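Take a look at this single chain in structure tokens; it is the form deposited in one PDB entry.
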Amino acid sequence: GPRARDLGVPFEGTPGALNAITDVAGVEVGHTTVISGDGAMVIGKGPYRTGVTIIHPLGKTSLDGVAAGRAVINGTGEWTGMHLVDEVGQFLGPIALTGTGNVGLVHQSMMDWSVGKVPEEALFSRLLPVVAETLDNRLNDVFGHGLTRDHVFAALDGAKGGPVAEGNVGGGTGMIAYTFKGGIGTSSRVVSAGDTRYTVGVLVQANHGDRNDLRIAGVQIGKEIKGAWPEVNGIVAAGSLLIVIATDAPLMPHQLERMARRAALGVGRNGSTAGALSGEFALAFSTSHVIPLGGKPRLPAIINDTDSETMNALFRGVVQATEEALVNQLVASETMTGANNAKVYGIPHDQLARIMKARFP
């Protein structure tokens, strides 16, 4: 359906052609979305509202590593492969984003996928899969084994470039953000440093924040929206965040850490305050600084960290793309009823468009 710009939300900067992480060439994204059952939750039987999102930095047939660096806003969550990134500045294989109860199954399934897809001599490189989570506990049977190995293989094999589906898909299927429906969002910026252009792409799996704090384009919007509070069986019940950054800039690992640390500023623009139990994390990678398996790293150009013109263009790109990806998520996610007949509303489009038109005539 509509994305945030289509409802009149303004943003700064110049988006890429897709306005998605796949504006960084060669990046592929895949989702498997598991939606089954209704009514009361029984552990092991559903209902299920869960899934997995796969990002292949260099595409699904690559055996090469990408340069990478991370940041932690609040570390109450899981993201595997990160000790590796901190130490050697690269990771091998895809990124998986999923629900908390699925981490182990996804991790082993990625290994199994490797056995089937990678030459035996290269299997040593496939030992530390990258798997991250947020908690779909209200809408999903977290502990009930709803995600299968076949679901994971389907996302790995089905991933592609081009437009990325947003909203209640893949790892975002069962999520809740700012008390509205959570999910997947994505955005990009094409940034200028003199005559050089680079792309910064961002994808988020959003399960964080309170309605009372939410800002969209600087507007504190929770109180301006009427209704759309969550429910349980019919009774109004009220009233973590994963960030993946891709760039084609040829950055070294410590420079990618800097990129990842900018995500918090974009999160801050939209009002949340990093809950004590909210696992909020960012991972950044370069698709031009690539490390062939067992060979010399390929760094086709080099950027000085004190070159403010280039670095600030890249940093502003991360902030803006993060800010927009978060709003794109909210708009893409539709109302859902899941486990225990819990109902969470998508942010209402008609009301958002009306508020945006009043604020930005």
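Residue indices: 1-based, along the sequence shown.
- request: For the stretch from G104 to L105, please bin the deposited residues that the model skips: none, 1 to 3, 4 to 9, or 10 or more.
  value: Nothing is missing.
- prompt: Do the CA atoms of 39-47 or those of 310-318 have the higher mean B-factor in the entry?
  reply: The recorded data point to 39-47.
query: Once you work out the mean C-alpha B-factor for both 111-119 and 196-204 from the entry, which is higher?
result: Stretch with the greater average CA B-factor: 111-119.
Identity of residue with top Cα B-factor, from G227, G81, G171, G93: Among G227, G81, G171, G93, the PDB entry lists the largest C-alpha B-factor for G227.
query: Which of these has the highest Cα B-factor in the record: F180, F124, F285, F281?
result: Among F180, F124, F285, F281, the PDB entry lists the largest C-alpha B-factor for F124.
task: Rank-wise, by C-alpha B-factor, drop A165 into the lowest, middle or highest third of its chain.
output: Middle third by C-alpha B-factor.
query: Split the chain's modelled residues into thirds by Cα B-factor; is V219 in the lowest, middle or highest one?
result: As the PDB entry reports it, the C-alpha B-factor of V219 lands in the highest third of its chain.
- request: Using the B-factor values recorded in the entry, state whether the Cα atom of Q329 falls in the lowest, middle or highest third among the modelled residues of its chain.
  value: Ranked within chain, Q329 CA B lands in the lowest tercile.
- prompt: Is the Cα B-factor recorded for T134 in the lowest, middle or highest third of its chain?
  reply: Its C-alpha B-factor, which the entry lists for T134, ranks in the middle third among residues of this chain.
field: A342, C-alpha B-factor rank within chain (lowest, middle or highest third)
entry: CA B-factor rank for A342: highest third.
Not on display, but discussed next: the form deposited with a small molecule bound.
message: To test your reading of this chain, name the stretch in 230-238, 158-166, 282-290, 264-272 whose heavy atoms come within 4.5 Å of the small molecule in the deposited complex.
response: Of the stretches listed, the one contacting the partner is 230-238.
message: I176 versus the small molecule, in the deposited complex: is there a non-hydrogen atom within 4.5 Å?
response: Although the small molecule is absent here, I176 would touch it in the deposited complex, with heavy atoms inside 4.5 Å.
query: Looking in the deposited complex, any heavy atom of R138 within 4.5 Å of the small molecule?
result: Judged by the heavy-atom cut-off of 4.5 Å, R138 is in contact with the small molecule in the deposited complex.
message: Taking the small molecule as it sits in the deposited complex, is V24 near enough to touch it, meaning that at least one heavy atom pair lies within 4.5 angstroms?
response: Looking in the deposited complex, residue contacts with the small molecule do not include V24, since no heavy atom lies within 4.5 Å.
message: Considering non-hydrogen atoms and a 4.5 Å limit, does the small molecule approach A342 in the deposited complex?
response: The answer is yes: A342 has a heavy atom within 4.5 Å of the small molecule.
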